[PDB]
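Read the structure below first, then the notes.
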Amino acid sequence: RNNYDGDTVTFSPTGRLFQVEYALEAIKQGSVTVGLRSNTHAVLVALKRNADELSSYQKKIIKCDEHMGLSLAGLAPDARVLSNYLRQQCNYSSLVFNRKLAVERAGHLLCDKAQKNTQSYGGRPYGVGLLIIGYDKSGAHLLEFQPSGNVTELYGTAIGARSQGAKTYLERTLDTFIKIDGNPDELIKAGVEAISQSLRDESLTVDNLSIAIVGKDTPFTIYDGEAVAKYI
Amino acid sequence: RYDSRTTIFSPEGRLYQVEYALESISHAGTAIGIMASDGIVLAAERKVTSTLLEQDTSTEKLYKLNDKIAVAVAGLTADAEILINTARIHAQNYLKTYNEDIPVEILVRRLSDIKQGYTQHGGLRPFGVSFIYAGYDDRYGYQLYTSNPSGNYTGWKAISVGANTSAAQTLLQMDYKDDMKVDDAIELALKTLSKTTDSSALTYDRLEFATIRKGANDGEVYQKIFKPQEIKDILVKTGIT
Amino acid sequence: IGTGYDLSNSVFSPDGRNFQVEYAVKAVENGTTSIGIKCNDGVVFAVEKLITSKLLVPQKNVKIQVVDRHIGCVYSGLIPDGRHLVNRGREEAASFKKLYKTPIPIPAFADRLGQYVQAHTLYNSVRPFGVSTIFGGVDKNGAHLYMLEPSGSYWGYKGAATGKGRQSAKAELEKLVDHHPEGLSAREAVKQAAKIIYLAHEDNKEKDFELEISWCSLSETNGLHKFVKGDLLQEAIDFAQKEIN
Amino acid sequence: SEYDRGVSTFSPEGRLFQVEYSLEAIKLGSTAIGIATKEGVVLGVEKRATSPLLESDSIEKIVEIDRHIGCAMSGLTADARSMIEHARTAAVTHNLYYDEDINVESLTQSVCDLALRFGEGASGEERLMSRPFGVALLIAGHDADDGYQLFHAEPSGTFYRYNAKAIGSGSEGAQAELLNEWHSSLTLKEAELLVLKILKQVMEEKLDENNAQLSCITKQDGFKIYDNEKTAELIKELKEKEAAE
Amino acid sequence: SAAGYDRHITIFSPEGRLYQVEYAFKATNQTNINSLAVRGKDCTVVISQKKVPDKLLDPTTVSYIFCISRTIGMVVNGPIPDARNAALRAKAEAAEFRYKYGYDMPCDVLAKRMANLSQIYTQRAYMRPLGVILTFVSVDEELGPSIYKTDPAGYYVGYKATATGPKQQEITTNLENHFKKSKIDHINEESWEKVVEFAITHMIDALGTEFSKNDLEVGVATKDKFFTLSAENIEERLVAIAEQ
Amino acid sequence: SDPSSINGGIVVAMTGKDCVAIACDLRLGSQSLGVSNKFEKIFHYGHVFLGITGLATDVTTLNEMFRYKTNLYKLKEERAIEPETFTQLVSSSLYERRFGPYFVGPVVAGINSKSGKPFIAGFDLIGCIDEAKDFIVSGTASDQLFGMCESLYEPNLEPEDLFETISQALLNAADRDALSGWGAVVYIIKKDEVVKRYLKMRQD
Amino acid sequence: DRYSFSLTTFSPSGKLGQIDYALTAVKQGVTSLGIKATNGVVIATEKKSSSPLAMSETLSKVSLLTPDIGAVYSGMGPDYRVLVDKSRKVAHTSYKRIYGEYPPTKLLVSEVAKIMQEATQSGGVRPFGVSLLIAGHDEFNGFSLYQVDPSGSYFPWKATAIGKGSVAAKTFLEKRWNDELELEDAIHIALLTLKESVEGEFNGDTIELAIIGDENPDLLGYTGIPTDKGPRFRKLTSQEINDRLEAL
Amino acid sequence: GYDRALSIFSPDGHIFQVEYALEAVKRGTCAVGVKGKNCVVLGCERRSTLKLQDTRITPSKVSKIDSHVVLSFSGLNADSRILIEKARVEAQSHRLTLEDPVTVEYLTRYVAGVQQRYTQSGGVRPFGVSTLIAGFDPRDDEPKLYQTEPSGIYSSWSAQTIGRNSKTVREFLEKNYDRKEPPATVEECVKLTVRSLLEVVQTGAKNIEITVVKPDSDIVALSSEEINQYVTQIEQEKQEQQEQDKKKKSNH
């Protein structure tokens, strides 16, 4: 029992909710992205999906700001409500305080917003993971936002389908990319290797790659076509 | 089952809720309004009675909503109180606004929209009440209507609701004389009331009555809820007492 | 079970408990060990933040968060859910400062937080909290240590403990009443906090941990709360490892 | 069970089944095809006839959303009414604010933003529209900064750009045929006879214009909905071409 | 029965009553605490047990006697969550009443407005009843010494003396003998200290268990004031009994 | 001064002995322009007579206003509204607006049926209890009438005696006022009989 | 079943299950009764102490809504108190500015009724646990008595009773009631009827009986006005009830 | 199920509230719309049972929306009341804002909009009423006939039956109706409408309500004498045709 498979306002005997648990499922059916970072750069590499070969592929990179940006893996409807919210906060910090919003500080606002819908009986709870990059005063940071609202600062992480091989690339090469600083080229190449292994019964193509980069010297820029056929 | 909210429909394309309100009428008292060219009578039957019940200095199923229009009640009495008060408020708005008394067709029409509104909107009951409207307006003269618990109205020259509607109706339409008289309305009503009621001797303390007349003390309408001893006079003519 | 009684938070059992509030307490148990130790001149808070992979960045994820500059709070259970009780807590703190032009007394804070948990059981459309919160500081009356339950029950403590390795902690806290009937002084309690969390980490053993300690002490942190970091924390680490061995 | 009753309950897929069911509403609807070329986008539709009294040429199924924007649709007209009235306001409001054409991509975002409402309230989105939308649109226009763009506004997720996309009952067989027959070498006229060629195959009725309606987006022409005579002519050229080969 | 009934407080049973409210009258057995309130002639006394069962709890943070306002004490029996909720509303309303109406809020009037409050929580299904029993003690300026007990239902009635807890009965029977034989509804002595001696003695016989200074907490309401006694003051009264 | 002074018009009610008279002028003017030579200022809800002085709008609007409330009172309780109880009502109803107060000076008169005693009461803009068993006068010629009525009043009078007193009163006082006159009408409530006697007087 | 898990739908034999349960809730109460005479009205009730130590003298179960109108109940104790509160407030508003003195009995009953009715109307609300009796005196309809049902309907009566012993009290009242009774005579009926219900405790300490008759300028708190009408309501003390209780 | 609220569709794409609304239509009185070239005749079944029941004060089954557009209806009569007043207030309000005559295409679209809005919401249910709305505008001499549905769908049909036993009338209507030349005679349009409604009433011409709309704001309600005149002529032709058919048989 599983009288709790309907209630999001009523604890399940384990101390969880099933709704929060199913939300992790949504991420698994969701599209793969690999994060990683260094002190002076942070990179998101994401897989575009298609339903056919007359599709011109789904944007998996949304520009939140000109120095911050996010990627998604899971429910695209839920991803939209939180993207709206997230841009509203970064612009607020540039309006009133002439300030960049820290990666970590943004994440704590998103936390209250997940758990509000858990507390309530109204509207959908979330079911998308966001990999967040930014570059603030405290250099590049990489957060993994969960639909629970738990925000976790790592040197590399991955969410989406078949994401357990990205964690294995990253663990081995953890230190290689701490030592590289000031070379955007190197950090971009490392995500690409990462997501080949993640995937199974697929191969990468040119227009499946969307690489989004910000650092201390690199402005927030998205590379497509000929700007990502140099690292395939 | 369909019972949870009134925002649903049964497979007849009506709602089961409407059927339940219908049935509420047929466990209350019997009510009859017979229209004639010379006055309209309203009649209701009491559904409780005792000898330590005060019912000789009062009525409960008869309200005047303005001095030209009156209503009878059949249904639960608990349901009744709220909607009477609103019809009467709507009448005095009409009086305030237009400087004249409301038409019968609108007053009923409003009330019918309001019943339907509680079906239409929310999980709030339908109100299982049938009211007999007997009115006057100088546009269609005397007007007799009744209002459904579903919330629609239909014009009439005689009608019965309450308990044993079918039994009552056949009996009313049989003895309907085509010019009609207010005196014959009054006479017919007692006769019809008797046979439905489960008492064999109908009595005035068991009766509520109002007759509406403009055919005596012309140029003006005077509506009179009868006093108990007068009701006794009309019973003696029909030979019941 | 059935017949209500846990199916909503309004409904009550014939026993005198609520089995939906019992599963919330189970969620505090599952969360990572936190302790707080009251002293005759301060409070020390410690937390076990376990390391699951070395992909985490060390000293960057914690359950220690500050309120004003002199009330420390630390939470166990559901991680984002403990964050939120601190986020509202912070709002409540500010109101009091603006209106009365004074820092909040710790028992005053203690009343105000537990009213938030209680509001979330009066409504069947609000899921309770499922977090315990160890808290305290130094104020007008000196140092005070409290802990709050996800029931919405709270009381003052000399030593408090919550989480998964709380079975060890409780035992070390007791050894302390006997050892010191002052509950230990605030300086030596930073080292006492580290040793406690190490015996507690024997109940989580299959994994590594990261230990964060913070403090607030009357005249050895100057009435203010600040994070124990630096050469301070490493001394605390060395004491723990030595005496466990 | 407690999964198809509720908009706030996810199932073991981590999805709503409210969202799922609304796809099958579009498949109920009549066949509609859009095919992009670099000459203009061609929007074709199916209508049905079951009565000789049904006037199907006196009500619409291809609609003008601006003065270079057109849309085709499939699904319920109830869900479509809300969607197109909305989409009319977005383009109109754009001309107010900037005094410029609306871009194709941004019109798509607005339609999918309405789509999102399935329930009653949410934080960061007020919801007043209490069901799934059982309608999709193919959204075609022209911006100058790209070219001609053709999009599918999904009521159940975010929007997917296509170069040619079929929706409705006969969507399935149309999609295979467009892969093997959409090419970047194909002129405006060829685009028309392609749609009618696919259209008939999954129609359970003869190819005629009382069950059909083509349109094009040519910026030079503005958005033009066609006459009946032009379509009738083209059914004849289609059959003569295929008679000979 | 059970078909809706117990799951709500807006669904009546076949008896016309609410099972769910009645289950909170069984929530005073879970905290295992007993009170005794008695009135003297010029005072009112309240003694409730204090439970310290662990050496990681200070005796001074665990109390169940609360100052609500200057002349008004209250004892709480039953669960710690519903204890707090009741306490807040009683402090907010007592303070608000006192200056709006310029009167010190009598025992009857505080017990009255709260009982009203408890009835309102029961009529809507959004809210729930309180679980705790609040026994208000004040010496009124309009009635002298009074005890009004408000029940988790929203019943409130006066009492000569009253008791609450799981072993409530055993104390009740002891107070019955006492007031009945003497033919007065007060403890005859006039000094509040000597009344507190009598009340402590009745409880130790009745429960069968001798109490300590850190197994009581005592509030004593006198003419226009209330104060709660500390453990060493309580000890003085205990040993008063022990050695004649 | 006020708007009540611009439009004017007089309603005077008086007591004799088991009788009342309440009488009015037929002038409605809107400032300098005379508007109607025939607008009666006497209205009634059962046996209670309500006069209204003041601005022309509030004469018509308040009449609708007090009609509404006496009709719900009449139906529910099944008796006539009483002048004793209507005095309570007029004062609260006008007081409802205080920040948009109605600019009138009513006069209530009737005879109670639960004792037969005669009742007259006076009001101002937002109305107050003003109790009399002599007379209440109102309007722009009220200062003339206050003295004129006192001067002719002899305490304790017949229904026929009271006619004479209120007629001579109105006749000269209305005439020697700018904004008043232009016909008059006198209602003598004998007990429950009301005779209506039109005053032949000049057109002012 | 579903006709009192919901309030929307009705039994096919009429009425909600909630109303029939609300009447069950009435009978689980003390017994209250009223008898009207032509120079008075007696209202009488019992009070269960429900502890040897409980003081029911400190709260009486006969409570003035306004000075000329008292009321009793039979049914749930908590439900009575808030309902009485609202009676005192609405009364001033509704008629102490319309008539500047306290209402007609008749009027306050039509008001009370609307409140009971509104809790029978929608789901997520329950009926009140009581049926009240409201007795009072006004000069416009004279002496009156009423029973006010939590269904949202009200009935005037000459004598009626409600509570646990209602069914025994009703046949009793039929027999002893006459066309002219005195106030004293109606008090002498009222004691006997209620004594059928409880016996082995009957005394005026445990039974509360009081009257609505004529004015008391003594409970008015002022004198010196030729028109003053003091409280039609009057409480007999414990001692006065005993004088009547001997008279049987 | 998926019939618990309007926030759930069935996996076919249907919402059972709407499907039971379509069965609702069939409960109440029948309606026929039949266009000409200078007319539209909009006729409806009038329900009478008892002699008592009037046809003076009793609610008409044709309501005048404006002075050039009319609406007759089919479904629940109680439901249709709210729908009738709403459509008239909107009718006047078009003319308040714009100052223009009430466009038919706008009128159906807004009216079916009221129904749609409830369907979109879950907390309120729409009406189970489908209407026929026929009219002309002063700017058109080309007739328009519209339909609404309890879903929030608006459609255009040349000719239509809805309501009580629509089905058999529906096939009769098809054959006679020509889209070549819809009845140019005004009298023949009324006569067709009488033949169609004849099928569902059984016997009646005090239970047949015919009303006629022609351009430039001319509306009429046709007296009982004129409805009875059609029946005598229409029975004479039906019978005559029948006798003849049996003669073709005799000849061979």
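The count begins at 1 with the first shown residue.
Each Cβ is built from the backbone N, Cα and C atoms, and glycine gets one as well.
Its own atom aside, the Cβ of B:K96 (ubiquitin cross-link) has 15 Cβ atoms within 10 angstroms in the protein chains shown. The annotation ubiquitin cross-link is assigned in Swiss-Prot to B:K96 (among others).
Of all Cβ atoms in the shown protein chains, 13 besides its own fall within 10 Å of the Cβ of B:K195 (ubiquitin cross-link). Annotation comment: Swiss-Prot describes B:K195 (among others) as ubiquitin cross-link.
Taken from Swiss-Prot, the feature ubiquitin cross-link covers B:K227 (among others), and the record attributes it to a large-scale study or a structure entry. Under DSSP, B:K227 (ubiquitin cross-link) is assigned to coil, being neither helix nor strand in the three-state scheme. Sequence-distant neighbours of B:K227 (ubiquitin cross-link) (same chain, 6+ residues apart, CB-CB distance under 8 A): none.
When the Cα atoms are compared, B:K96 (ubiquitin cross-link) and B:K195 (ubiquitin cross-link) turn out to be 44 Å apart. Filtering the recorded sites B:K96, B:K195, B:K227 for a Cβ under 8 angstroms from any Cβ of chain E leaves an empty list. DSSP gives B:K195 (ubiquitin cross-link) a helix state.
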